[PDB]
Amino acid sequence: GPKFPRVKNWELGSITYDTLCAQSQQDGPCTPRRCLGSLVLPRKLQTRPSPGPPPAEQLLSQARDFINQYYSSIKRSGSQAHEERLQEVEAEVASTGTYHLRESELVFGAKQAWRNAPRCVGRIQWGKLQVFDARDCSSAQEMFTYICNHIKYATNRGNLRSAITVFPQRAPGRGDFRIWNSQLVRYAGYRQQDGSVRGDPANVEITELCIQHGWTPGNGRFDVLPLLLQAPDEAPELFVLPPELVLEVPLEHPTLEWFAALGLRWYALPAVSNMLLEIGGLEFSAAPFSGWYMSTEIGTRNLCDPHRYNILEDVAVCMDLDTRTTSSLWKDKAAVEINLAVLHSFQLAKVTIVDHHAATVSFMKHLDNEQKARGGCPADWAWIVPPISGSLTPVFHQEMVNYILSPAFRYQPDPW
Amino acid sequence: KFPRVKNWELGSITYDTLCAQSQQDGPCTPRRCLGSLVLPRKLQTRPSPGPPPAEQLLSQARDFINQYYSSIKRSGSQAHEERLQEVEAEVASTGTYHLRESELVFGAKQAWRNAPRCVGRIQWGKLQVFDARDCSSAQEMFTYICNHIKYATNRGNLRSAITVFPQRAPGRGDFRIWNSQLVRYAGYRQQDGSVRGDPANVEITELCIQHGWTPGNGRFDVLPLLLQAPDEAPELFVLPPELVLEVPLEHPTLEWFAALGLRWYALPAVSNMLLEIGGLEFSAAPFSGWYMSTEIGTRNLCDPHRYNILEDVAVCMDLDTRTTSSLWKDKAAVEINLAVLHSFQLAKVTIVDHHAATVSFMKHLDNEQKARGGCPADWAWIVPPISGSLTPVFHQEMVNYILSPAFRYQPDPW
Ligand code: HEM
Ligand code: HEM
Ligand SMILES: N=C(N)SCCc1cccc(CCSC(=N)N)c1
Ligand SMILES: N=C(N)SCCc1cccc(CCSC(=N)N)c1
Ligand SMILES: [Zn+2]
């Protein structure tokens with residue numbers, strides 16, 4: 001039959017062939033020998049700081065490819081505008097070593113990178129992304145204004161809108177525009193004397209970095225961290241987000257009246273800010289993007305992981321469950337309720353959020369659309385399937401082919 | 001070359017050097033990862049009408065024999081050397097060779113040990129091995145299979161076992177067990193293409209009827225075994241009801257649960273996989289251990305294409321099945337898994353929940369890291385179908401690759 005990967009859905013018995021994977025120009029971590037697919041950070045995409053300007057030869061072919069994708073998307077491949085834009089990039093790279101993107105080209109690549117993200121289950125919304133062009137930004141102070149504007153438009157008083165703000169691309173031998181915090185909104189992680197952590201253990205390093213930079217630390221379990229913004233060749237400046245801009249949601253349970261007394265809460269805007277956006281060779285080191293949460297992100301990973309808030313035991317104890325024996329499924333029960341609490345608290349506060357059932361179903365729809373439009377959809381199974389009730393959602397039964405397509409979002413080294 | 005493996009719950013890190021011993025290829029390539037695929041597109045076990053290339057078979061054998069002698073600390077010894085010459089001698093003259101019982105036993109245990117998808121490998125060292133290469137008829141396979149079942153079941157105190165029938169032979173049919181497990185409930189296609197019983201067993205159920213089985217009309221009708229001897233039409237054999245133990249499902253507090261009339265068998269025994277040791281292929285080598293609650297409560301009873309009883313329990317639990325956000329599905333799933341554990345514990349039948357199971361697997365990873373420098377594991381199969389991140393394995397990176405001896409998938413005999 002077809003000489004492309006055969007993909008099967010064991011629920012419906014249907015079959016497909018991903019032919020889009022042939023389009024992947026970049027290798028991943030696997031080899032016919034062993035599969036390193038479960039690795040979170042395989043040393044592959046990892047955009048390690050490559051100071052000295054890139055091989056004009058390599059950058060060019062990467063650029064020629066993107067421009068082709070662009071004209072193809074506007075249905076003018078082979079046209080005169082297409083060949084001229086091509087000559088325009090080659091010429092520019094010939095005389096300066098790099099090149100720049102047209103407004104509409106940036107919008108297209110930004111959406112494509114989201115569209116190409118293997119780990120994102122909410123890609124059915126890929127077509128609807130507000131792109132803020134901030135390639136004019138020239139100061140860490142200005143970066144803060146842009147971000148504040150982004151948070152304002154994205155939060156939109158609970159009726160969340162996906163968006164991304166693109167700052168100046170990396171320049172030959174010049175400093176990068178970086179955001180030190182992993183997310184625009186992060187709770188503090190206070191290292192205690194006994195060795196424990198107050199707040200979110202995930203953010204201990206960034207919290208300690210904000211202190212070494214002049215932040216006056218609080219002592220709560222949910223203190224919002226300040227942003228460490230870094231303009232080219234300058235030490236990072238520190239900014240404190242206006243509390244009114246950071247919308248949060250106190251958590252309560254629909255029937256367990258005591259849950260509200262736990263004082264648990266979560267912020268509404270999920271915005272990655274430390275990922276690198278790559279388009280046609282150009283690298284955008286600072287390009288924060290945001291959408292809206294899928295309840296399991298808050299209810300299962302952030303609130304229940306061993307290395308995060310780890311509230312499973314406390315909650316189970318309040319439910320009067322037998323936390324002394326694994327066979328009581330006390331973990332499963334408290335997890336369900338905690339997740340139900342996130343959903344209920346967000347809906348009540350009229351803030352955008354989607355549950356893992358609704359989410360995955362729509363991702364199935366996304367796969368069917370992409371199957372027709374591109375002949376496949378790159379997906380990372382372990383990331384698409386929810387952290388709870390896995391085989392209860394439809395993606396669990398859907399085989400998935402994983403691979404790297406550009407534009408793309410890549411991980412990048414911490415500036416420090 | 002050697003993959004850095006990290007656990008994101010502890011920050012610990014290890015290097016897998018065991019993958020270096022992989023002489024077989026997977027489906028993955030640097031271009032794209034096909035790891036979430038269940039079956040191999042090409043890594044199958046093609047027919048055996050001709051003899052395997054002696055040069056190759058010989059090298060798989062030499063290596064396995066090396067493996068066997070190293071295991072008993074008699075490497076390079078006299079026995080090791082004279083055993084290699086025996087195998088060289090036999091292969092050169094007949095194009096094949098045979099294994100000695102002890103070697104078989106070593107191989108069988110290694111195959112389990114190398115099983116990437118198995119979460120209960122901490123038990124790999126405790127396996128009762130029944131040598132059934134002394135078998136010559138389907139009627140003999142049946143007796144053999146009945147003993148395995150009697151032993152393995154052990155009145156509810158399950159013990160892990162495997163029974164090995166004759167290896168494959170060039171230009172000769174393979175001994176085969178048509179059924180995928182020694183115990184399966186029939187799947188009867190009724191009215192509107194819907195199904196009564198177990199949907200995954202529609203085909204096997206039909207093939208049985210086609211060979212003279214008097215079908216039933218229940219949701220849990222224990223199927224018969226279609227045993228097949230080389231180049232002979234398969235035969236039908238009914239299992240003695242007293243041999244097939246079963247657990248009726250009821251709930252700790254939900255009085256109405258038992259009313260649902262749900263039940264499941266005690267013995268999980270695969271019978272359609274192939275065991276490969278030192279190049280020799282065993283097409284009929286049924287094996288079993290004991291169920292992990294989630295296989296029953298989550299996959300078998302709740303999969304959409306299986307019994308799919310989720311909505312019923314939800315309605316009985318008087319839940320809001322109008323919307324997804326009420327998490328009525330996650331809620332029912334948990335009570336059903338709770339029921340399976342309760343019922344099995346009440347009937348005194350061996351069973352392990354997914355929390356206990358994954359904790360012990362973590363230990364196994366550790367025991368293996370020190371013992372061989374790594375442990376081949378398929379993440380998507382090790383992490384339970386529910387409460388994934390709630391278990392330790394979820395937060396553990398894993399490397400997957402093929403080691404031999406090994407259990408492999410093989411084409412259906414029909
Ligand atoms: C509209 C709602 C959206 C939802 C519900 C959604 C949900 C998710 C979830 C559940 C994850 C994985 C979380 C984890 O396991 O840590 C994820 C990852 C990701 N999403 Fe989305 N997403 C949405 C919007 C966005 C937007 C707007 C972009 C980009 C423009 C995007 C890009 C990505 C990328 C790159 C990843 C992987 C990041 C990594 O590797 O850590 N998502 N998304
Ligand atoms: C002691 C009890 C054992 C437990 C609790 C256990 C549990 C499991 C589980 C949960 C799976 C995945 C099942 C699925 O999702 O379909 C699995 C797969 C597997 N186990 Fe074990 N196992 C045990 C004993 C055995 C034994 C005795 C062998 C062989 C000697 C074995 C060989 C394998 C193999 C080959 C697979 C993968 C099969 C496939 O690819 O379909 N297991 N085991
Ligand atoms: N997850 C969403 N619902 S919207 C996309 C941004 C996002 C927000 C929060 C978490 C992660 C997952 C990766 S977290 C990281 N690489 N800093 C992504
Ligand atoms: N799973 C256990 N508790 S013991 C191993 C036997 C076993 C029983 C049930 C299911 C599967 C996995 C897929 S079954 C197959 N490849 N026909 C293996
Ligand atoms: Zn892979």
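Naming convention: chains lettered A, B, ... in sequence-line order (proteins, then strands); numbering from 1 in each chain.
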(request) Output yes when A:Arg265 and A:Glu248 qualify as a salt bridge under the 4.0 Å nitrogen-oxygen rule, no when they do not. (result) yes

(message) Main chain of A:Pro387, side chain of A:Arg301: is a donor-acceptor contact present, judged purely on distance under 3.5 Å?
(response) no

(request) Assess the side chains of B:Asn7 and B:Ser12: does a donor N or O sit below 3.5 Å from an acceptor N or O? (result) no

(message) Using only atom types and a distance under 3.5 Å, with no angle test, would you say the side chain of A:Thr165 pairs donor to acceptor with the backbone of A:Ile147?
(response) no

(request) For A:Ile151 and A:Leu184, work out which heavy atoms get closest and say how close. (result) CG1-CD1, 4.0 Å

(message) So for atom CD, which belongs to A:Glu244, do other residues, nucleotides or ligands contribute more than 12 heavy atoms lying within a distance under 6.0 Å?
(response) yes

(request) Measure the CE-CG distance between A:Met143 and A:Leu229 for me, rounded to the nearest 0.5 Å. (result) 5.0 Å

(message) Under 4.0 Å between a side-chain nitrogen and a carboxylate oxygen: does that hold for A:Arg102 and A:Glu88?
(response) yes

(request) Check whether any side-chain N or O of A:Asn203 sits under 3.5 Å from a backbone N or O of A:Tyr187 as a donor-acceptor pair, and report yes or no. (result) yes

(message) Under a 4.0 Å threshold between the charged nitrogen and the carboxylate oxygen, would A:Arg123 count as salt-bridged to A:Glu370?
(response) no

(request) Start with the C-alpha gap between A:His356 and A:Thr296, add the side-chain angles, then the distance that decides, and say whether side chain to side chain donor-acceptor pair (under 3.5 Å) holds. (result) CA-CA 7 Å; A:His356 51 296; A:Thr296 60; 5.1 Å; no

(request) Flag the pair A:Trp114 / A:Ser162 as yes when at least one side-chain heavy-atom distance between them is below 4.5 Å, and no otherwise. (result) yes

(request) Please confirm whether A:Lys128 makes a cation-pi placement over A:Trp126, using NZ or CZ under 6.0 Å from the six-membered ring centre and within 45° of the ring normal. (result) no

(request) Could you give me the CA-CA distance, side-chain angles and deciding distance for B:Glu397 and B:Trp8, then say whether side chain to side chain donor-acceptor pair (under 3.5 Å) is met? (result) CA-CA 8 Å; B:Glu397 295 184 323; B:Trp8 297 77; 3.2 Å; yes

(message) Using 0.5 Å steps for rounding, measure from the CD atom of A:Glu252 to the CH2 atom of A:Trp258.
(response) 12.5 Å

(message) Quick check against the 3.5 Å criterion: does A:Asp332 have a side-chain atom that pairs as donor or acceptor with the backbone of B:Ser387?
(response) no

(message) Would you call the rings of A:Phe167 and A:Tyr146 parallel, tilted or perpendicular, taking 30° and 60° as the class edges?
(response) perpendicular

(request) Go through the side-chain N and O atoms of B:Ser389 and B:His395 and say whether any donor and acceptor fall under 3.5 Å apart. (result) no

(message) Between B:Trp379 and B:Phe394 (judged by ring centroids, cut-off 6.0 Å), do the two rings come close enough to count as a pair?
(response) yes

(message) Quick one about A:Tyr403 and A:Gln25 (side-chain donor to acceptor, distance below 3.5 Å, no hydrogens or angles considered), yes or no?
(response) no

(message) I'd like to know whether CG of A:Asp233 has more than 12 heavy-atom contacts from other residues, nucleotides or ligands below 6.0 angstrom.
(response) yes

(request) Measure from the side-chain N and O atoms of A:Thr360 to the backbone N and O of A:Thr393, and report whether any donor-acceptor pair falls under 3.5 Å. (result) no

(request) Decide yes or no on side chain to side chain donor-acceptor pair (under 3.5 Å) for A:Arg186 and A:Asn181, but give the supporting numbers first. (result) CA-CA 8 Å; A:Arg186 295 305 270 162; A:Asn181 312 48; over 6 Å; no

(request) Please report the shortest heavy-atom distance between A:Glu142 and A:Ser138, naming the atom on each side. (result) OE1-N, 2.8 Å

(request) Check the pair A:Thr300, A:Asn339 against side chain to side chain donor-acceptor pair (under 3.5 Å), reporting the backbone distance first and the verdict last. (result) CA-CA 7 Å; A:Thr300 303; A:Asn339 273 272; 2.7 Å; yes

(request) Compute whether any side-chain donor of one residue and acceptor of the other, for A:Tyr190 and A:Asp223, lie under 3.5 angstrom apart. (result) yes

(request) For residues A:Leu251 and A:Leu303, determine if any side-chain heavy atom of one lies less than 4.5 Å from a side-chain heavy atom of the other. (result) yes

(request) May I ask you to check whether over 12 heavy atoms, not counting those of B:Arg4, lie within 6.0 Å of atom CZ? (result) no

(message) Can you classify the ring geometry of A:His253 versus A:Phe259 as parallel (below 30°), tilted (30 to 60°) or perpendicular (above 60°)?
(response) tilted

(message) Can you confirm whether the side chains of A:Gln23 and A:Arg374 place a donor and an acceptor under 3.5 Å from each other?
(response) no

(message) Counting the benzene-type ring for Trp, do A:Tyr309 and A:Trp266 have ring centres under 6.0 Å apart?
(response) yes

(request) Indicate yes or no for a side-chain donor-acceptor contact from A:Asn310 to the backbone of A:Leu312 under 3.5 Å, with no hydrogens or angles considered. (result) no

(message) Just so I know, are the side chains of A:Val197 and A:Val204 near enough to count as touching, which here means a heavy-atom distance under 4.5 Å?
(response) yes

(request) Could you grab the distance from atom OG of B:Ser325 to atom NE2 of A:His357, nearest 0.5 Å is fine? (result) 9.0 Å

(request) State the SG-CG distance between A:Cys210 and A:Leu238, to the nearest 0.5 angstrom. (result) 5.5 Å

(request) Look only at the side chain of A:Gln169 and the backbone of A:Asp176, and say whether a donor-acceptor pair between them is shorter than 3.5 Å. (result) no

(request) Let me know which of A:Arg178, A:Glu283, A:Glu278 forms a side chain to side chain donor-acceptor pair (under 3.5 Å) with A:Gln412. (result) A:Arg178

(request) Mind checking the OG-CD spacing from A:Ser290 to A:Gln183? Nearest 0.5 Å is all I need. (result) 10.0 Å

(message) Any heavy-atom pair between the side chains of A:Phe132 and A:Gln130 that's under 4.5 Å?
(response) yes

(message) If we count only N and O atoms by modelled type, under 3.5 Å, do the side chains of B:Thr324 and A:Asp355 hold a donor and an acceptor together?
(response) yes

(request) Using a strict 4.0 Å threshold on nitrogen-to-oxygen distance, state whether B:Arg322 and B:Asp320 make a salt bridge. (result) yes

(request) Drop me the distance from A:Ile353's CD1 to A:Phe346's CZ, to the nearest 0.5 angstrom. (result) 4.5 Å

(request) Look at the side chain of A:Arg191 and the backbone N and O of A:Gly195, then say whether any donor-acceptor pair between them is shorter than 3.5 Å. (result) yes

(request) For the residue pair A:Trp383 and A:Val40, establish whether any side-chain heavy-atom pair is separated by less than 4.5 Å. (result) yes

(message) Could you tell me if the side chain of A:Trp292 sits less than 4.5 Å from the side chain of A:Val351, heavy atoms only?
(response) no

(message) Just so I know, are the side chains of A:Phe108 and A:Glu103 near enough to count as touching, which here means a heavy-atom distance under 4.5 Å?
(response) no

(message) Taking A:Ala334's backbone N and O only, do any of them form a donor-acceptor pair with A:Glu337's side chain (distance below 3.5 Å, no angle check)?
(response) no

(request) May I ask you to check whether A:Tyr267 and A:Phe222 place their ring centres under 6.0 Å from each other? (result) no

(message) Between A:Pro42 and A:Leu36, is there a side-chain heavy-atom distance shorter than 4.5 Å?
(response) no

(request) Report yes if the distance between the aromatic ring centroids of A:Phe177 and A:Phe284 is under 6.0 Å, otherwise no. (result) no

(request) Please check if the side chain of A:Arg135 supplies one atom and the backbone of A:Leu101 the other of a donor-acceptor pair under 3.5 Å. (result) yes

(request) May I ask you to check whether A:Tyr70 and A:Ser104 show a side-chain donor-acceptor distance below 3.5 Å? (result) yes

